[PDB]
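Read the structure below first, then the notes.
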Amino acid sequence: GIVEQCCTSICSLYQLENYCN
Amino acid sequence: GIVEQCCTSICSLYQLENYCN
Amino acid sequence: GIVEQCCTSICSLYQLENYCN
Amino acid sequence: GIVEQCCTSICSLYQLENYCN
Amino acid sequence: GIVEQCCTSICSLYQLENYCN
Amino acid sequence: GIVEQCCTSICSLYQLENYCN
Amino acid sequence: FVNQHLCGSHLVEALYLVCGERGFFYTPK
Amino acid sequence: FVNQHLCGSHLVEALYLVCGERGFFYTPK
Amino acid sequence: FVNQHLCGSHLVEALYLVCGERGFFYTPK
Amino acid sequence: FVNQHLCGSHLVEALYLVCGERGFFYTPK
Amino acid sequence: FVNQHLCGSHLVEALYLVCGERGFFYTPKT
Amino acid sequence: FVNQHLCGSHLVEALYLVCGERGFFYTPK
Ligand SMILES: Oc1cccc(O)c1
Ligand SMILES: Oc1cccc(O)c1
Ligand SMILES: Oc1cccc(O)c1
Ligand SMILES: Oc1cccc(O)c1
Ligand SMILES: Oc1cccc(O)c1
Ligand SMILES: Oc1cccc(O)c1
Ligand SMILES: [Zn+2]
Ligand SMILES: [Zn+2]
C-alpha cells in the first residue's frame, strides 16, 4: 500500500494524488 | 508577498510553485 | 463532519476516533 | 527515557501518556 | 502562562527559551 | 550544503542561521 | 478558507496518531 | 527505529496538501 | 479554543528547537 | 493572535513539498 | 543520520496531543 | 533519501523559526 510505495522511495505530488478521494 | 497572497485564501500547490527557485 | 465539529471547538481523542476507519 | 523507549520501537499514545504531567 | 504570553503576539525563540528546563 | 551539514549531524541554531537571508 | 486549511493540517496529524493501524478517512466536504 | 511511523506522519501531511477539498483515505495496511 | 490549541502545537515545536538537550515543561497553564 | 506566523509555518512546509530539489526563497513582507 | 533528533520532534507533538490540558515535561536525555 | 526528504521538512521549519523576519533560502545542493 501507500507506506510500501512512498516510504521506501519518495513519491511525487502526482503519485500522492493517486490516494485522494 | 506570499503571506499577503496566501494567508486568507488558499494558494494551490500549483500557485505555490511560482515561489520555487 | 470533522471540520464543523473539530475546527470550531477542540475535539477530544474519542471524538477524533469517529473519523478513523 | 522517552527517546530510548520510543524512538527504537513505536510507542502507542497510551504508552506516551506515562510522560504527561 | 505561555499561551497567554505567546498566542496573541509573537514570541521570539529567546523569549521562548524562558520555558526550557 | 544544508542537507549534508544538517542531516548527517544535528545543526545548532547558529549553524542554521547561515541559511537565513 | 485558510483557517480551515490550517486546522485540517493539524486534524490529519492527530487522526494519524489516534487511529493507528485503522487509518482514517479525511473528508472535509 | 521507527521510521515507517515517522514517514507516515509526513506522508499524511503531504496527502493533505495534494488532496485539498477532495480529502483522502489513509490505510497503513 | 481551537486557535489556542493550534498555536500550542507550534509552541511545542519551537520549544523543542530552542531548548535542545535541556528539554522543557509545557503547561497550557 | 499569531495567525500570519502560523500560516507562514504551513506555507514553508507546502513550498518544501512543491519545490522539491529546486528549493525556494522564503522572504516574508 | 539525525534520526533521534527528528524522532523527538514527533514525540513532543504526540505528547501535546495525548496529554491535553495536563501538559508534559520533555526531557530528552534523562 | 526518504530520510533526507523527511529531514529537509524539519530543516525548513527550523529555518522559518530561527530566521524570523530575515526569511531564508532553502537550496538542497
Ligand atoms: O514519499 C513521500 C513520503 C512522505 C512525504 C512525501 O512528500 C513523499
Ligand atoms: O494558502 C496556504 C497557506 C498555508 C499553507 C498552504 O498550503 C496554502
Ligand atoms: O479539534 C482539533 C483540531 C485540530 C487538532 C486536534 O487534535 C483537535
Ligand atoms: O514511538 C513514537 C515515536 C515518535 C512519535 C510517536 O507518536 C511514537
Ligand atoms: O508566539 C509564537 C507562537 C507559536 C510559535 C512561535 O514560534 C511563536
Ligand atoms: O540538523 C537539524 C535537522 C533538522 C532540524 C534541526 O533543527 C536541525
Ligand atoms: Zn498550524
Ligand atoms: Zn519527521
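Derivation of every value follows stated rules applied to the coordinates shown; laboratory data play no part. Because the Cβ atoms are built from the backbone with ideal geometry, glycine has one as well, and the counts that use them run over all protein chains shown.
Brief remarks follow.
- Filtered residues of region D:2-21 (kept if more than 7 Å from ligand 4 (Cβ to nearest atom), closer than 16 Å to K:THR30 by Cα, under 8 Å from the mean Cα position of the chain (by Cα) and facing chain K (nearest Cβ under 7 Å)): D:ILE2, D:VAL3, D:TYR19
- Once region J:18-29 is narrowed to residues that are within 10 Å of the chain's Cα centre (by Cα) and not in a loop (DSSP other than H, G, I, E, B), the residue that is surrounded by the most Cβ atoms within 10 Å (Cβ to Cβ) is J:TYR26.
- In region I:1-16, the residues that are within 11 Å of ligand 3 (Cβ to nearest atom) and under 14 Å from G:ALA14 (Cβ atoms): I:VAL2, I:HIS5, I:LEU6, I:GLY8, I:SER9
- Taking every residue in region C:8-21 that is of a type in the set (S, T, N, Q) and pairing it with any residue that is not in a helix (DSSP H, G or I), at least 6 positions away or on another chain, the pairs with Cβ-Cβ distances below 8 Å are C:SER9/I:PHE1; C:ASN21/G:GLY23; C:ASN21/G:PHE24; C:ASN21/G:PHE25; C:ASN21/H:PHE25; C:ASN21/H:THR27.
- Within chain C, considering residues that are assigned to a helix (DSSP H, G or I) and of a type in the set (A, V, I, L, M, F, W, C), the one nearest to ligand 3 (Cβ to nearest atom): C:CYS6
- Selection from region I:1-17 of residues that are within 8 Å of the chain's Cα centre (by Cα) and farther than 17 Å from G:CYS7 by Cα: I:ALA14, I:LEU15, I:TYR16
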